[PDB]
Amino acid sequence: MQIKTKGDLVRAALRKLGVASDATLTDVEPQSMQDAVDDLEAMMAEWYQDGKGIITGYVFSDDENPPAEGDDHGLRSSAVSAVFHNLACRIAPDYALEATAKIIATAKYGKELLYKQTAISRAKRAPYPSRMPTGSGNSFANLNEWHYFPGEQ
Amino acid sequence: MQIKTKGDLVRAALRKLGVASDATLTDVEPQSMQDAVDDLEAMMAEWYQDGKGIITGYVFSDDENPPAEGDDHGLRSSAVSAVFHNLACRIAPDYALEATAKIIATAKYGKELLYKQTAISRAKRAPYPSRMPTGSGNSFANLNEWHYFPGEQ
Amino acid sequence: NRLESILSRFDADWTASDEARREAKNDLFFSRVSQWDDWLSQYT
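Residues numbered from 1 in each chain as written, not as in the entry; some residues may be left out. Chains lettered and ligands numbered in written order. Part of a larger assembly, values for the part shown. Heavy atoms only, no water.

The deposited coordinates for this entry were obtained by cryo-EM, with a reported resolution of 3.21 Å.

Focus: the overall build of chain C
Selection criterion: Strands are runs of DSSP state E lasting at least two residues, helices are runs of H or I lasting at least four, and both sets are numbered from the N terminus onward. The buried label applies to any residue whose accessible area, calculated with a 1.4 Å probe on protein chains only, is under 20% of its type's maximum; exposed applies above 50%, and partly exposed to all values in between. Each accessible area is a Shrake-Rupley estimate made with a 1.4 Å probe; only the visible protein chains count as cover when residues are assessed.
When helices and strands are tallied, chain C shows two helices and zero strands. Per-residue burial over chain C gives 7% buried out of 44 residues. By element, 57% of the accessible surface of chain C is carried by carbon and sulfur atoms, the whole surface being about 4100 Å².

Some details on the side chain of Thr106 of chain A
The criterion, for reference: Throughout, a contact is declared for two residues whenever any of their heavy atoms are within 4.5 Å.
Position of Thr106 of chain A among the secondary structure elements: in helix 4 (residues 101-121). When residues no more than four places from it in sequence are discounted, the contact partners of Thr106 of chain A are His85 of chain A together with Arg90 of chain B.

Observations concerning the nonpolar core
To be explicit about the condition: Note on terminology: a nonpolar core comprises buried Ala, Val, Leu, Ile, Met, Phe, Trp, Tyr and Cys residues joined through side-chain atoms within 4.5 Å.
Judged by nonpolar contacts, the single largest core of 27 residues is most densely connected at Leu9, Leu40, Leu75, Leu87 and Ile91 of chain A. Secondary-structure elements contributing two or more residues to this core are helix 1 (6-17), helix 2 (30-47) and helix 3 (80-91) of chain A. Among the elements that line this core, the one with the most residues is helix 3 of chain A, at seven residues. Those residues in contact with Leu9 of chain A that lie beyond four places of it in its chain are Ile3, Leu40, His73, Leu75, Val83, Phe84 and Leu87 of chain A. Within the second largest apolar cluster, 26 residues are counted, among which are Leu40, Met43, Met44 and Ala79 of chain B.

Brief notes about the pattern of salt bridges
Put simply, the rule is: When a carboxyl oxygen of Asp or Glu is within 4 Å of a side-chain nitrogen of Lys or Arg, the pair counts as a salt bridge.
Under the counting rule described, the total for this entry stands at twelve salt bridges over all chains. Its salt-bridge partner being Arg90 of chain B, residue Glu46 of chain B comes within 3.1 Å of it at the nearest N-O pair. In this pair, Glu46 of chain B is assigned in helix 2 (residues 30-48) and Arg90 of chain B in helix 3 (residues 80-91), connecting sequence segments 44 residues apart. The same class applies to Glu46 of chain B as to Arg90 of chain B, namely buried. The partner of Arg21 of chain C in a salt bridge is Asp18 of chain C, with the nearest N and O atoms 2.4 Å apart. Of the two residues, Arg21 of chain C and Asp18 of chain C both sit in helix 2 (residues 18-32), three residues apart, roughly one turn of that helix. Assessed through its relative accessible area of 26%, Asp18 of chain C is described here as partly exposed. One connected set of salt bridges, linked through shared partners, spans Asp8, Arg11 and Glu69 of chain A.

A short note on the layout of surface pockets
The criterion, for reference: Within this scheme a cavity is a closed region of a 1 Å grid, computed over the protein atoms alone, that accommodates a 1.4 Å probe without allowing it to escape, whereas a pocket is open but has protein on both sides within 12 Å along at least five of seven lines; lining residues each have an atom within 4 Å of a point. Grid points are joined across faces, edges and corners, and a volume is the space filled by probe spheres set on the points. Residues were grouped as follows: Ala, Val, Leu, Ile, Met, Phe, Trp, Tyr, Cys and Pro as nonpolar; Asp, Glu, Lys and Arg as charged; and all remaining residues, including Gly, as polar.
In this model, the largest pocket occupies a volume close to 980 Å³. Forming the walls of the largest pocket are 26 residues, and the residues nearest its centre are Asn138 of chain A, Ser130 and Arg131 of chain B together with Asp38 and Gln42 of chain C. Class assignment of the residues belonging to the lining of the largest pocket gives a composition of 13 nonpolar, ten polar and three charged.

Some details on empty space enclosed by the protein
Summed over all chains, the structure comprises four cavities of 30 Å³ or more. Its boundaries defined by the atoms lining it, the largest cavity holds a volume of some 50 Å³. For the lining of the largest cavity, the per-class residue count stands at four nonpolar, two polar and three charged. When its volume is computed, the second largest cavity comes out at roughly 40 Å³. Around the second largest cavity, the lining residues are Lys16, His85, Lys102, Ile103 and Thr106 of chain A together with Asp39, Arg90 and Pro93 of chain B. Here the lining of the second largest cavity gets three residues from one element, more than from any other, and that element is helix 4 of chain A. Here the residues of the lining of the second largest cavity are counted per class, giving two nonpolar, two polar and four charged.

As structure tokens, this is what we get:
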């Protein structure tokens, strides 16, 4: 996918903002890269909300290995186009720039597609209430003296 | 079709944006080509969603071959006019350019036409519920003790 | 020989009146035991 590392995400965001890329004559100083990757880590930890929020393949740096910019991320190929777009939208306040409306629309689309699958998977129907008889048509649960449903428990 | 290679899509998108064409004397710079092909791969990965998304003929490079610009794409002849229009819409924020409204309308039309056939093909009705009797008019399943429908299973 | 003739006659009589027997048995089960004739393909 050529965007394997977190630094690739940061560089893609910077290129999308137009601040710096491979074909540019001025570049960004590494401390700004460190700040941007820290901001990316903070943003990605607010979408996860500890397993209760947007769930995507992502591994957080354990801080034992010094450079968190170099290590891999577990993002699937589909979520990359959303993560770095949102990162670029968040970075622009750091500089004097403002994100173009196209980037905002792309970030919206990316987050919606990120959460749609989990929304489908999490729409489950609750069991029958505690005080609900099972009718005389089951003929087996009725003969096993288990007339009423167990409950949500 | 003359747009067999991914580099052809990149060149068409750049020409539509007016960045590099022959109607304007400018020429394509290789790093712009690399950035645009990476953006194309990311965008096409986002649209497919591993099947659960828009299905179009497309081959994702495993990066075994280093230059991914020259390899072929499996896009059918109808999807070409949409893919590079969307690519040109997405590339514009890389520079300070903004896509013309005609390009946006064409991209909308192209994506709608990409998804309409799959939308038609995926509109299917669910089977009969489990507790739905088959009337006495079938006269064969009724005689085979096959009184009730199987269910959604 | 005798047993063969008896069994042939019984088989003819049994096969000649299958649908009526099946429908009568279904009626008896529906009227006496229960009204949900879904023993097959149940428990899913």
